[PDB]
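For the record, the sequence lines run as chains A, B and C.
Basically the UniProt record's numbering = 1-based index in the first sequence + 8.
Basically the UniProt record's numbering = 1-based index in the second sequence + 164.
Basically the UniProt record's numbering = 1-based index in the third sequence + 3.
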Amino acid sequence: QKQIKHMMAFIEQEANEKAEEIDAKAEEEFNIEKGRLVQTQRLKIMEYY
Amino acid sequence: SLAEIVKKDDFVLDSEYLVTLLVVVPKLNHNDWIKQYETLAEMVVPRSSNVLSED
Amino acid sequence: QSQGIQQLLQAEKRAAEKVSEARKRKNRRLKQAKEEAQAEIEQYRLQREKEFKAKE
């Protein structure tokens, strides 16, 4: 019967959206990570010179 | 107690999005519950009943 | 069992796999952030090195 296709597609679409959230949240963390790293290292380089 | 009636193999278990559940129905209303099985709530698994005891 | 249950269990397997791909993409790309930072910080190091050599 047809409804099993919808029931799969529903949980599959939740998985699509959850994966896409984790893929967004990954890039958001990498922009914070570079912000922590590059400025601290630049400041250490400046304090050395 | 259901401990002599049911076993793990009788249920959908260990899942994120499906569950098997137990219902007791009057013997006279067996066919009424069969009419309702496909329809009583949304996102029920179609055509997958199983009687495990009768009294 | 009616077989559609097994297809839904496979849709759970694929659902877990999809979010696991995004976790794996995150775990791999975390080191790209460090490799990109390592490229930038060397530019400031070279600039201050050249400026120091100019003062010398």
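All C-beta atoms, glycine included, are put in the ideal place defined by N, C-alpha and C.
### Query
Between the stretch 168-188 of chain B and chain C, which residues of the former have CB atoms less than 8 Å from a CB of the latter, in chain order?
Residues of the stretch 168-188 of chain B whose Cβ lies closer than 8 Å to any Cβ of chain C, in chain order: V176, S179, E180, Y181, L182.
### Query
So does the stretch 197-216 of chain B actually touch the stretch 29-44 of chain A, counting three or more Cβ pairs closer than 8 Å?
Judged by pairs of C-beta atoms under 8 Å, the stretch 197-216 of chain B does not touch the stretch 29-44 of chain A, as fewer than three such pairs exist.
### Message
Let me make sure I understand the geometry here. Which of C:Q35, C:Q10, C:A36 has the alpha-carbon closest to that of residue 119 of chain B?
### Response
Because chain B in this structure spans residues 165 to 219, residue 119 of chain B falls outside the shown range and cannot be described.
### Task
Check B:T184 in the structure and name its three-state DSSP category.
For this step, residue 184 of chain B is matched to residue 20 along the second sequence. Note: B:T184 maps to coil in three-state DSSP.
### Query
Which residues of chain B have a Cβ atom closer than 7 Å to the Cβ of C:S23, listed in chain order?
For the purposes of this step, residue 23 of chain C is taken as residue 20 along the third sequence, with counting starting at 1. Correct list: empty, because the minimum Cβ distance to chain B is about 13 Å.
### Query
Contact between the stretch 44-52 of chain A and the stretch 43-50 of chain C: three or more CB pairs below 8 Å?
The stretch 44-52 of chain A, when compared against the stretch 43-50 of chain C, does touch it at the 8 Å Cβ threshold.
### Query
How about A:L51: is its C-beta nearer than 7 Å to some C-beta of chain C?
Numbered from its first residue, the first sequence carries residue 51 of chain A at position 43. No - not a single Cβ of chain C is within 7 Å of the one on A:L51.
### Query
Which residues in chain A sit within 9 Å of B:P190, going by Cβ to Cβ distance?
The residue given as residue 190 of chain B occupies position 26 in the second sequence. Per Cβ cutoff of 9 Å: no residues; B:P190 is ~27 Å from chain A at best.
### Query
Taking the alpha carbon of B:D219 as the point to measure from, which residue in B:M207, B:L192, B:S213 has its own alpha carbon closest?
Residue numbering aside, residue 219 of chain B sits at position 55 when the second sequence is read from its first letter. Taking only the C-alpha atoms, the option nearest B:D219 is B:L192.
### Query
What separation, rounded to the nearest whole angstrom, lies between the Cα atoms of A:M16 and B:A205?
Here residue 16 of chain A refers to the residue found at position 8 when the first sequence is read from its first residue. Here residue 205 of chain B refers to the residue found at position 41 when the second sequence is read from its first residue. Each residue's alpha carbon lies about 17 Å from the other.
### Query
Cα-Cα, which of B:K171, B:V187, B:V183 is closest to B:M207?
Against the second sequence, residue 207 of chain B aligns to sequence position 43. Measuring from the Cα of B:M207, the nearest candidate turns out to be B:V183.
### Ordered list of alpha helix (DSSP H) runs contained in the stretch 186-218 of chain B, each at least 4 residues
Runs found: 194-201.
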